Every structure is written in structure tokens, then in C-alpha cells.
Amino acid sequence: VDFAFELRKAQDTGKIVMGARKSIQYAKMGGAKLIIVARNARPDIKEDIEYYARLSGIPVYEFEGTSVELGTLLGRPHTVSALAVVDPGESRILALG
């Protein structure tokens, strides 16, 4: 699965929500279809995300990259340490699950 491509595709054709806060929020509300977390997401933040996702049976795929690398992918001027896919759109981003 072409992560970078599929991520962008889901960005351009679906619904992704960025940030640890929002991802935990969509996890506990079960609104998220998948969560992506940066390899180096801050351990205390990463553990909570990973807990809420598990609580809700939501899949989590660890991006093998940094949060500055994930942020640059999403074309953001800032770090992204986790993201929740609400709508995959036309992409295969759920195949990461």
C-alpha cells in the first residue's frame, strides 16, 4: 500500500482529522475508521491514543516516520503526531488496518 499516496488521496477525497487530541476524540466517540501514529509520537500521548483506539476496537497503524515527516506529507507547516481517518474517500488507506 502506497502510504504517502493513499494518505493524500484520503486527504483530497475523504476526511482525515489531525492531532493527538482529535484522534483520541474520534476514537472514544468511535467516529474514526483508523488511526495513524508517528513512530516518535510522544510516549505519554502515544500510549493514550493507543489505549482509546483499543478500547474502541479501532485499528492503529504506526507510520514508520517522524511527526515532522508526517506533517510534511499532509502538506502542513507543523508536526502531526497522529491522525484519525474519518472518511477514506477513494483511497486504500483502510487497507493499512
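Counting begins at 1, following the sequence as shown.
Engineer: If you take the mean CA temperature factor per stretch, which one wins between 53 to 61 and 23 to 31?
Structural biologist: Taking the mean C-alpha B-factor of 23 to 31 and of 53 to 61, the larger value falls to 23 to 31.
Engineer: Taking the entry's C-alpha B-factors for this chain, is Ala38 in the lowest, middle or highest third?
Structural biologist: Within its chain, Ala38 is a highest-third residue by C-alpha B-factor, going by the deposited values.
Engineer: Ranked by Cα temperature factor within the chain, is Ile93 in the lowest third, the middle third or the highest third?
Structural biologist: For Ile93, the deposited C-alpha B-factor lands in the lowest third.
Engineer: Looking at the temperature factor on the CA atom of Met18, which third of the chain's modelled residues does it land in?
Structural biologist: Middle third.
Engineer: When the deposited Cα B-factors of this chain's modelled residues are ordered and cut into thirds, is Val85 in the lowest, the middle or the highest one?
Structural biologist: Answer is lowest: the recorded C-alpha B-factor places it there.
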